[PDB]
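A.B. asks: experimental structure below, sequence on top.
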Amino acid sequence: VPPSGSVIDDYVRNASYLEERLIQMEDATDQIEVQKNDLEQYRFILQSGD
Amino acid sequence: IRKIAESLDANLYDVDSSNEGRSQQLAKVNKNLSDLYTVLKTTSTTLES
Amino acid sequence: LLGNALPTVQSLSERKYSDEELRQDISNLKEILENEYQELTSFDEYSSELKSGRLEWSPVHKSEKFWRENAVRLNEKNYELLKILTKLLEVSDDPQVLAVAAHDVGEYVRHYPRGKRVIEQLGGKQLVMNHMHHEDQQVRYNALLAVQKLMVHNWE
């Protein structure tokens, strides 16, 4: 087991960074897809103009 | 009709009575969906990367 | 700027020491390190930095807790200075400059909800789409962040 420096806190830091980095980036698809679906539904609705 | 529709499984919208007005509505609502089409691809490209 | 010792102060404060001297010394270092600048006004300094044409990162740039009442007075000139900054960005090629502006563009919605209409009247959405594929990784990453939060919060 080669000695490992005190960069354990650096690991803590970058993990605590990546957590929100990925949370904020992932929590968007759930919305962006439903907005797409709603707009597309509105489009077919309007397709019956006659 | 409006306040009975929601009680059951329903969705509400609004549409212009005129015809070319509906055409313009279609054009304006169609303009702003390519961005929506692309954004998911972008975020995925970031995610898997 | 170049130090970023903020992580270090807590790291060494928590760890083990038998001496009676450095314990309070590190606390003094931390309190004089953060209070000096992190506890400062922004809008005046924001204007000073933008008019100079020099844009960089600073605790003001990313800090948000002290950004609960800046937006209201960012509208004094109808965002004239900030829209001009966006224009210079459109005529700028420095990746750091590209990213810093979009950061606060996003901060707009993150703090101020009703400023969406002025953003719409900016017309830079297509330029954000163009920025999506610009060569630098940071610029397109931050642009995707900004546009994504804009679109999602636009309904929010």
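C.D. replies: Yes, it's here. Numbering: from 1, shown residues only, chains lettered A, B, ... in the order given.

A.B. asks: do a quick rundown of the helices in the chain.
C.D. replies: Just so you know, I chose chain A. Secondary structure of chain A (DSSP state H): helices located at A:8-26, A:29-46.

A.B. asks: nope, chain C
C.D. replies: Remark: helices assigned in chain C by DSSP H are C:6-14, C:22-37, C:43-51, C:59-62, C:70-74, C:80-90, C:95-111, C:116-122, C:125-131, C:137-155.

A.B. asks: adding mean neighbour count and distance to residue A:18, write the ones you listed out as CSV.
C.D. replies: All C-beta spots, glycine's among them, are computed from the backbone N, C-alpha and C. Shown next, in CSV, are those (neighbours: other Cβ atoms under 10 Å in any protein chain shown; distance: least, Cβ to Cβ, whole Å):
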stretch, mean neighbour count, distance to residue A:18
helix C:6-14, 14, 15
helix C:22-37, 12, 24
helix C:43-51, 14, 29
helix C:59-62, 15, 17
helix C:70-74, 16, 28
helix C:80-90, 16, 28
helix C:95-111, 20, 19
helix C:116-122, 13, 29
helix C:125-131, 15, 24
helix C:137-155, 18, 14
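
A.B. asks: distance to residue B:40 for those - can I get that in TSV?
C.D. replies: Converted to TSV, the helices of chain C look like this (distance: least, Cβ to Cβ, whole Å):
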stretch	distance to residue B:40
helix C:6-14	35
helix C:22-37	40
helix C:43-51	34
helix C:59-62	27
helix C:70-74	30
helix C:80-90	26
helix C:95-111	19
helix C:116-122	21
helix C:125-131	14
helix C:137-155	10
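
A.B. asks: between those helices, which gets nearest to residue A:28?
C.D. replies: helix C:137-155 (4.9 Å; Cβ to Cβ).

A.B. asks: so that closest one versus helix A:29-46, what angle?
C.D. replies: Here the directions of helix C:137-155 and helix A:29-46 differ by 60 degrees (axes from the mean of the first three to the mean of the last three Cα atoms, to 10 degrees).

A.B. asks: can you give me the offset of helix C:137-155 from its chain's centre?
C.D. replies: Here helix C:137-155 is found 14 Å from its chain centre; the criterion is Cα atoms, centre = their mean, to the nearest Å.

A.B. asks: what's that helix packed up against?
C.D. replies: Packing partners of helix C:137-155 (3 or more Cβ pairs under 8 Å, 6 or more residues apart in numbering or on different chains; DSSP states H and E): helix A:8-26, helix A:29-46, helix B:34-48, helix C:95-111, helix C:116-122, helix C:125-131.

A.B. asks: which one of these lies closest to residue C:53?
C.D. replies: helix C:95-111 (9.1 Å).

A.B. asks: can you list the neighbours in contact with that closest one?
C.D. replies: Residues outside helix C:95-111 that contact it (Cβ atoms under 8 Å, 6 or more residues apart in numbering or on different chains) are C:55-57, C:61-62, C:64, C:67-68, C:70-71, C:82, C:85-86, C:89, C:92, C:115-116, C:119, C:128, C:131, C:134, C:136, C:138-139, C:142-143, C:145-146, C:149-150, C:153-154.

A.B. asks: tell me the residues of chain A that contact chain B?
C.D. replies: Residues of chain A lying near chain B by Cβ under 8 Å from any Cβ of the partner chain: A:25-26, A:28-29, A:32-33, A:35-36, A:39-43, A:45-47, A:49-50.
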